[PDB]
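Chemist:
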Amino acid sequence: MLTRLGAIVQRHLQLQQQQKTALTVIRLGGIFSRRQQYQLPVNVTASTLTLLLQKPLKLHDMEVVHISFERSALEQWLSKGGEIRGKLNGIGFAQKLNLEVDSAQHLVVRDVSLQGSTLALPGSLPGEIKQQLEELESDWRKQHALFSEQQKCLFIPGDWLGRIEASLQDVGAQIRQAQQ
Amino acid sequence: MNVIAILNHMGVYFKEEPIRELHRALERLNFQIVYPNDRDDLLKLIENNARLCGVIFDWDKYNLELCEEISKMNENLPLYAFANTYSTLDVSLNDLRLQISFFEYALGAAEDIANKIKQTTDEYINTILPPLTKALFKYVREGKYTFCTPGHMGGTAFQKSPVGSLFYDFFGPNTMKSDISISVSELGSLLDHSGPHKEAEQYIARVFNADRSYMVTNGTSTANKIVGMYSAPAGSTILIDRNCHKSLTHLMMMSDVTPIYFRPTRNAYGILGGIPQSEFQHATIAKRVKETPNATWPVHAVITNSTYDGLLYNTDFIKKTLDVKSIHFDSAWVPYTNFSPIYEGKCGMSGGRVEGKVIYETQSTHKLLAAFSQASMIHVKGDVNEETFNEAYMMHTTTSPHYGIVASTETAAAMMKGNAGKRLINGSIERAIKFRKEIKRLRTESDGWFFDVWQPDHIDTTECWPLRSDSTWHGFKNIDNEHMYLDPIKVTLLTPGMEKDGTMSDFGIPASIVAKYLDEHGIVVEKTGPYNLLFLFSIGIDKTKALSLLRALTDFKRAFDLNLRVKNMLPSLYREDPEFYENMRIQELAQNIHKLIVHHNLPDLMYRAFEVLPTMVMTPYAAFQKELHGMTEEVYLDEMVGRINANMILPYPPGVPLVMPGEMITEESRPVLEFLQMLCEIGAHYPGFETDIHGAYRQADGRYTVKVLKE
Amino acid sequence: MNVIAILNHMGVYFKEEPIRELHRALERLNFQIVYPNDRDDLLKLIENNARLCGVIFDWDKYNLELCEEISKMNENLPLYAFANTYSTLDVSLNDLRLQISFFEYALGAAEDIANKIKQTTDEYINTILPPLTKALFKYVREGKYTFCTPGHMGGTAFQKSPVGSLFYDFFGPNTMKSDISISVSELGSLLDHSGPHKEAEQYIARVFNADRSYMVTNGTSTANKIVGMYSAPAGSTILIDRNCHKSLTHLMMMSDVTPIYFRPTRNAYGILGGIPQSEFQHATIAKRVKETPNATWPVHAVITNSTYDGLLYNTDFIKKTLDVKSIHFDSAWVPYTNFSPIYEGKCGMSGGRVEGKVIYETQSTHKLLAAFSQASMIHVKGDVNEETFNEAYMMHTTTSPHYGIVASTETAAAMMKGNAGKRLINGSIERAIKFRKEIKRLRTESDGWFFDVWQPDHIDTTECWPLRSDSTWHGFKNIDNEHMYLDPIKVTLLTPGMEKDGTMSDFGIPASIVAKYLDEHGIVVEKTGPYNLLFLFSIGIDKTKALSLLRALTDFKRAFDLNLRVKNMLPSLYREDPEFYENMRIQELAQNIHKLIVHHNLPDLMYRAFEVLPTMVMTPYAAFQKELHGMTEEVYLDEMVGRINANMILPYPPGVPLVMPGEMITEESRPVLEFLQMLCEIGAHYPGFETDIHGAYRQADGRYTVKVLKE
Ligand SMILES: *Cc1c(COP(=O)(O)O)cnc(C)c1O
Ligand SMILES: *Cc1c(COP(=O)(O)O)cnc(C)c1O
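Protein chains in written order, with the authors' numbering: chain Z, 312 to 330, 333 to 437, 442 to 497; chain R, 1 to 711; chain K, 1 to 711.
1. Would you decide whether R:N115 is buried or exposed? Buried here means 16 or more other CB atoms lie within 10 Å of its CB.
2. So is Z:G317 in contact with chain R if we call contact Cβ pairs under 9 Å?
3. Taking beta-carbon pairs under 7 Å, can you tell me which members of the segment 136–167 of chain R lie near chain K?
4. On a CA-only basis, which of R:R575, R:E361, R:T362 and R:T337 is nearest R:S350? Give me that one, please.
5. Going by Cα to Cα distance, which pick from K:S669, K:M631, K:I117 and K:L589 is closest to K:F610?
6. K:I238 and K:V334: beta carbons closer than 9 Å?
7. For the segment 638–653 of chain R, enumerate the residues whose C-beta is nearer than 9 Å to any C-beta of chain Z, in chain order.
8. Anyone know if the C-beta pair for K:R431 and K:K543 falls short of 9 Å?
9. Using a Cβ-Cβ cut-off of less than 9 Å, list which residues of the segment 379–404 of chain Z approach chain K; keep chain order.
10. Would you kindly work out how many angstroms separate the C-alpha atoms of Z:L401 and K:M254, rounded to a whole number?
11. By the 8 Å beta-carbon criterion, what residues does the segment 6–30 of chain R contribute toward chain Z?
12. Could you run through the segment 55–75 of chain R and flag, in chain order, every residue whose CB is less than 8 Å away from some CB of chain K?
13. Can you name, in chain order, every residue of its own chain whose Cβ lies under 7 Å from the Cβ of K:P654, other than the five neighbours on each side?
14. What is the DSSP secondary structure of K:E21, reduced to helix, strand or coil?
15. How would you list, in chain order, the residues of chain R whose beta-carbon sits under 9 Å from the beta-carbon of K:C53?
16. Locate the alpha helix (DSSP H) running through Z:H461, then write down its first and last residues.
17. If you reduce the DSSP assignment to three classes, tell me which class R:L52 lands in.
18. Since residue 713 of chain R meets chain Z, which of its residues come closer than 8 Å, beta carbon to beta carbon?
19. May I ask you to report which of helix, strand or coil DSSP gives K:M660?
20. Assign residue 714 of chain K to buried or exposed, taking buried as 16 or more other Cβ atoms, counted over all protein chains shown, within 10 Å of its Cβ.
21. Which term fits Z:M375, buried or exposed, when burial requires 16 or more other beta carbons within 10 angstroms of its beta carbon?
22. Suppose the cutoff is 6 Å on Cβ atoms and the five residues either side in sequence are ignored; what does the same chain contact list for K:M484 look like?
23. DSSP three-state call for K:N8: helix, strand or coil?
24. Taking just the CA atoms, how far does K:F208 sit from K:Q202?
25. Distance check for R:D457 and R:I439, CA to CA, integer angstroms please.
26. Using beta carbons (cut-off 9 Å, strictly below), is K:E410 in contact with chain Z?
27. 9 Å is my cut-off, CB to CB: does K:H193 come that close to chain Z?
28. Compare the C-alpha of R:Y13 against each of R:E582, R:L107 and R:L547 and name the closest.
29. Go through its chain and collect everything with a Cβ distance to K:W297's Cβ below 8 Å, but skip five positions before and after it.
30. By a C-beta neighbour count over all protein chains shown, 10 Å radius and 16 as the cutoff for buried, is K:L589 buried or exposed?
31. What residues in its chain sit with their C-beta under 7 Å from that of K:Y35, if we drop five residues either side in the sequence?
32. If you drop the 5 nearest sequence neighbours on each side, which residues of the same chain put their C-beta closer than 8 Å to that of Z:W457?
33. Answer yes or no: do K:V227 and K:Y621 have a C-beta to C-beta separation smaller than 9 Å?
34. In the DSSP assignment, find the alpha helix (DSSP H) that holds Z:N411 and state where it starts and stops.
35. Is R:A332 near ligand 1, judged by its Cβ being under 8 Å from some heavy atom?
36. On the premise that R:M215 lies in contact with R:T409, defined as a C-beta separation below 8 Å, what is that separation, rounded to the nearest angstrom?
See below:
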């Protein structure tokens, strides 16, 4: 439980600069000619997620407030190249857009007037930190339930009860501090 | 090779007249005539002038002063000594290899003497050259076979195009006519190992003291992969060293084996020591086999001897304690541990044949010798394979090898044979020890700070300085006696900035600034980083390139004490960012970087990171199979805790692998990740000194990402 | 490159005087001056003389007869035309690539004109050369870095040893200074694929019409193994061709894949045909998947285009019918199917990008071009993953490549651009068709037998002759129309000995006897055996080597009709056995060998031993694993039915494999074993004509033994 609680503390400090809201694209490793890009790891997991934008543009002779991309189609365009296809306002067919890479690792959507528009993801103790913490806290109660039943063994020295119980209370006192 | 020496003037006329008549006859066959002065003048025309092949002197004048000093250098050097009537030999001239040609002072017979000198010179050429090189030079002047490979055929196709003539006129007619395939009968074939190629392997192994020395035509990186596919079947166990090369990483990714990594010693300056003697005992080999799942008895062991910095081990103790029937010595940096008495019992080739074991050494050829690129050797001390093993050699070597590299590969073995070649090894050591004494001489007499050489306090002897346990210059905590040695030609300059106890100081200059300063004059630093500087003092560095290094070191102290500007000192760094490096001096840059090392704490985050070993989940061969299918993802720098990496982290500085492809970083290897996060902050404030890690690619914000495997 | 041409003479003095003043100025900067005659004289100084870069002529004399013919031979050739007062251009001079430099007829300014010609010539050198080769030539005259690899450092260590001076003086000073590793910053690294190496890969792919091209530094045998390690994971299925090379055999022994061999067509003379169009169907490939245990859907296909003889295929039908996403075309013999209109749509590079598929080609560089050995290319036409394919390229190539081969590899691609390169391919075709017409002309007019060329009856056209179904020259039973083409430059000589129906004849001379006669004059036969020949007529074969081959063929008829002796004709064969070849003539040996072919019946046993493929028990990868463990043994040739072989049988003749390492000879492959026993009897009576089979070891009694696997 210590190898999992320490990762939550490091993850809690990393989400302080992500939860105004931007989208940083990372570069995948390897030796390739074109500068390929990679999506976000544990941050996004859905297939048909939506992406917001700051300055709106007139794409296909109509306004749009949110553009959704496909996870199965985003991994191929950012690696093998080609042209990306994405629908507008979550409706219609996956139309083609003039999306390129930005110098500051962003998604600039170009239109018929050569205008820039940085895309971003919609925002929500973070939800990811609380979800990963309750699963680790529930495992501590399951391990303590077995110890709160077999401690009545007569063939156990009494001096060891002060060290085994103190080791379980030390983790419980630390796991309840990050949730404050 | 056309220099003829004429020493001593007898003053008479019946002896000087044939000299003048021969002077006009030797020039008709392209020969340079020189006239030395005294006895010490002729001695300077041999060591400094290697293109000499004729010495003319009076036999009844210096019969003992010249026949002894010349024999100590070149034995096969012809001696055109002119005798007289009352002439005889000496009892002290029997155990000396010489070539004396007697003549007379006959008038008019100078033409017949010139024909004998040309024939004698041709005999010297057909003797010092190996039969493989002799067949290559003769095939150009006589062999004119048509319809052969390659298509140029000595540059014929280049004479039909204007752009092709520019490439043919650069090298020469003899250069293009020397590149032939195996389509020639009187030169043999390298793939068949017969004819001239059969005697070439026996000539290299005899001189370098071996049983069968091969000639790899694809560099050292290929030789390490062919041998690894021999003593490591699909499903075995090898004992590879932790300080491995990039070529050794791909070997573990192509063979389904379970390697076991060691824990070599190390200090705080970044210079890795060696594997302790406790890792070679019988209670250690089988210790990690039962603990690591899916592992059998190790049948092969790879030992990096020496390392990248040049630290020889003790083969007299490994060949007896380490119970491995296939011990490999990565001698890719010491192709000379034989031609000197201060290297006996220090390498694998020194000694005899170990019963039940074999020594594997892949000494580099185009590194510290004299040959073309893509050349290597495989030394054998015992019994190996050749018939079936030749099939594995052809899997990495094409059917048409380049004979220009093979002719130069065997040449390196011929340039070292004899007393004329042994003077290059001993001469490089004397020039290295002299350079070590000049540093200590210019340190105390100087007024201020000065460079220091990582050497013991007593360097008067001429041998390998052992790393004892009662010394403070090496700084290795708990080191075994008579195990670690020192390479005299591997001078390690320690720049001031750290103390002798392992802590930090207040005034110092990092080695990164000095590294770029030497490039302005034409000196490339081999290894640099914290506070160390590695150089190569082989046979290629003569007295000119050795003394020029000290002059560049004294100029750095003058430019730093006078407080000069960056633009008026480092023009290459100023062109990278003229705006930021505008109002900056040499003292402001050296002090700001020194404070970042103490603040970020470099020696503590480096000594604790490379010491521990991350948890290896699967074998490196299984990590390569997942990449071929297309299941490789990446995370952030702070999210790789608990993931299996796919690349080999090679941070600069230092220069050793950190995490092997196929390991997991958990709570045991926490300082390992701390070393990567420290380099991302110290190398982002000042341009030019960016973080260089072969695995942590640069993004655009500052944080680096590594390639891991999908879950 | 220092030839200046001055054409025509105006007869006046104000135009010839500046020519005389310039004649004395150009010689001071090393330039050859030539004085051509008429218009036809200057045209001969360009095609035959490639070292020309200066043409001086009057602009008001031949403004249309010279600006049109020169433009058809070179585009960047400088034209130092001298104009006058009333001078102008022409409307027909707008779509021509020329470099005209105008001047005047001013006295005293001849020195300034010489400086402009030298600077213009330097611009021509820096333009036609690629940026990688240009940077290598400039680095020798300026770049002088120290403490770098290799150890020779431009030939410094060779100047300190007597044996090293002979090896340094053979090549040249510019040769050793051009051998540099990756220790240079202004030239980049080959493994990093950046800097000059990045633009070099895009330059070769643009000239040879491709998306990305590589520069293999280890021959073609290495490039074929890198492609096989990409589209064939550990446990897949490949479609390798039966007519494979020795390098392709090791590829199947290193990867755990299940190959599927095809059934190419063939005739009776031994000429390898091609794979029929029925094998590329979907129902044919899927039928062999269920019949072969442990085999899934094929994801890779290897096609030998063209074969060793010289017969191209039809890529317009393969790229549509063959449903393989990774189709390979081993173009190791046709590095020119692009720069000619009679080669459109015949290779993998000719055409557009095929969706869902990709073409891999390993064009040999040091075979039929002009470059150093150990050179190859990788042509990729499609969207692939370089991050995965490059991993196998670095495992077979050392970290320090030899730039001397890389500079010559890209040079071959630069020699093809423009009209100066297009005349090399078309020039070899015109010399080949002319040589084909000289055989038919000297056949009917002669009185007796004469050689024949395997060509159709109508060779009047200038294109690839298709192998139709209503012809009798190809002799292929049931061949697909518009699928097999003929290579004009690959002249296949047919010796009289067989009929047009596939039987034998009374009077016949084998091709093995003629091959020994051509070697006496220096002509090396590429392929020989029963009654066929082969010669390589690439761009390096000028008109001298083409006319010298016909003279050697006419001398064989004169020596055979007059009935001469073997000693007075074949001195090399007489030295092998002077006792047996004493009273033997040229007519006695030619008739005794011909009777052995009819008695042993060679065309029938050879045609039936190649169609029936032996039963493949296990994959070739499993046969190599049992060899390293020591489970191999050799058995007799007459005692091997039902055993799995370990090596690949390659009998000479022909030149195709017989039994793959891992097959079993059962009752179905009965004529396959009869082919090996027939060669052991015909090649054991007369010396010099011994049996040559790669894999059959010769003992002391005459029975060859092959290596098999233990039961
Ligand atoms: C430099 C080096 C190599 C690579 O040498 P090459 O001959 O260029 O392949 C391999 N192993 C070690 C230990 C090296 O230092
Ligand atoms: C000659 C040949 C090779 C070998 O060529 P190298 O460049 O010497 O490796 C490989 N494949 C084929 C089909 C060949 O004809």
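Cβ atoms here follow ideal geometry from the backbone N, Cα and C, with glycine treated the same way.
Modeler: Looking at the atomic coordinates:
1. For the purposes of this step, residue 115 of chain R is taken as residue 115 along the second sequence, with counting starting at 1. Exposed: under 16 other Cβ atoms inside 10 Å.
2. In the first sequence, residue 317 of chain Z corresponds to position 6, counting from 1. Z:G317 counts as touching chain R.
3. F137, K144, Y145, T146, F147, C148, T149, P150, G151, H152, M153, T156, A157, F158, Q159, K160, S161, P162, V163, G164, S165, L166 and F167
4. Within the second sequence, residue 350 of chain R is the residue found at index 350, counting from 1. Nearest C-alpha to R:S350: R:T337.
5. Position 610 of the third sequence, counted from the first residue, corresponds to residue 610 of chain K. Cα-wise, what sits closest to K:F610 is K:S669.
6. Walking along the third sequence from the start, residue 238 of chain K turns up at place 238. Walking along the third sequence from the start, residue 334 of chain K turns up at place 334. Cβ distance not < 9 Å, so K:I238 and K:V334 don't count as in contact.
7. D638, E639, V641, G642, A646 and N647
8. Position 431 of the third sequence, counted from the start, is the residue given in the question as residue 431 of chain K. Position 543 of the third sequence, counted from the start, is the residue given in the question as residue 543 of chain K. Contact: yes.
9. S392, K393, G394 and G395
10. Walking along the first sequence from the start, residue 401 of chain Z turns up at place 88. Walking along the third sequence from the start, residue 254 of chain K turns up at place 254. Approximately 51 Å, taken between the alpha carbons.
11. none
12. So the list reads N74, given in the order they occur along the chain.
13. Here residue 654 of chain K is taken as the residue at index 654 of the third sequence, counted from 1. Result list for K:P654: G270 and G529, in chain order.
14. As a first step, residue 21 of chain K is located in the third sequence; it is residue number 21 there, counting from the start. Residue state, collapsed to three classes: helix.
15. Taking the third sequence and counting its residues from 1, the one referred to as residue 53 of chain K is at position 53. Those within 9 Å of K:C53 in chain R are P162.
16. Counting from one through the first sequence, the residue named residue 461 of chain Z turns up at place 144. Start and end: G444 to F464.
17. The residue you call residue 52 of chain R lines up with position 52 of the second sequence. Here R:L52 carries a strand assignment [DSSP, helix/strand/coil].
18. Nothing about residue 713 of chain R can be read from this structure; chain R reaches only from 1 to 711.
19. By one-based count along the third sequence, residue 660 of chain K stands at place 660. Of the three classes helix, strand and coil, the one that applies to K:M660 here is coil, per DSSP.
20. Residue 714 of chain K is absent from the model: chain K starts at 1 and stops at 711.
21. The sequence position of residue 375 of chain Z within the first sequence is 62, counting from 1. Classification for Z:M375: exposed.
22. Taking the first residue of the third sequence as 1, we reach residue 484 of chain K at position 484. Once the five neighbours on either side are set aside, the close Cβ partners of K:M484 are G274, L311 and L467.
23. Along the third sequence, read from residue 1 onward, the residue named residue 8 of chain K stands at position 8. K:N8: coil per DSSP, three-state reduction.
24. By 1-based counting over the third sequence, the position of residue 202 of chain K is 202. By 1-based counting over the third sequence, the position of residue 208 of chain K is 208. Their Cα atoms are separated by approximately 10 Å.
25. Taking the second sequence and counting its residues from 1, one reaches residue 439 of chain R at position 439. Taking the second sequence and counting its residues from 1, one reaches residue 457 of chain R at position 457. When rounded, the distance between both Cα atoms is 12 Å.
26. Reading the third sequence from its first residue, position 410 is the one you call residue 410 of chain K. It does not: the Cβ of K:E410 has no partner Cβ on chain Z nearer than 9 Å.
27. To locate residue 193 of chain K, count along the third sequence from 1; it is residue 193. So, interface residue.
28. Here residue 13 of chain R refers to the residue found at position 13 when the second sequence is read from its first residue. Of the listed residues, the one whose Cα sits closest to R:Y13 is R:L107.
29. Residue numbering aside, residue 297 of chain K sits at position 297 when the third sequence is read from its first letter. Here the set comprises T237 and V289.
30. Residue 589 of chain K sits at position 589 when you count from the first residue of the third sequence. Around the beta carbon of K:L589, 16 or more other beta carbons sit within 10 angstroms, so the residue counts as buried.
31. The residue given as residue 35 of chain K occupies position 35 in the third sequence. Closer than 7 Å at the Cβ level, and outside the excluded window around K:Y35, lie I6.
32. Position 140 of the first sequence holds residue 457 of chain Z. Contacts found: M312, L485, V488, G489 and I492.
33. To locate residue 227 of chain K, count along the third sequence from 1; it is residue 227. To locate residue 621 of chain K, count along the third sequence from 1; it is residue 621. Not in contact: K:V227 and K:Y621 (Cβ atoms no closer than 9 Å).
34. Numbered from its first residue, the first sequence carries residue 411 of chain Z at position 98. No alpha helix (DSSP H) contains Z:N411, which is instead part of the beta strand (DSSP E) from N411 to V414.
35. Position 332 of the second sequence, counted from the start, is the residue given in the question as residue 332 of chain R. Within the cutoff, so yes.
36. Here residue 409 of chain R refers to the residue found at position 409 when the second sequence is read from its first residue. Here residue 215 of chain R refers to the residue found at position 215 when the second sequence is read from its first residue. About 5 Å; that satisfies the 8 Å criterion.
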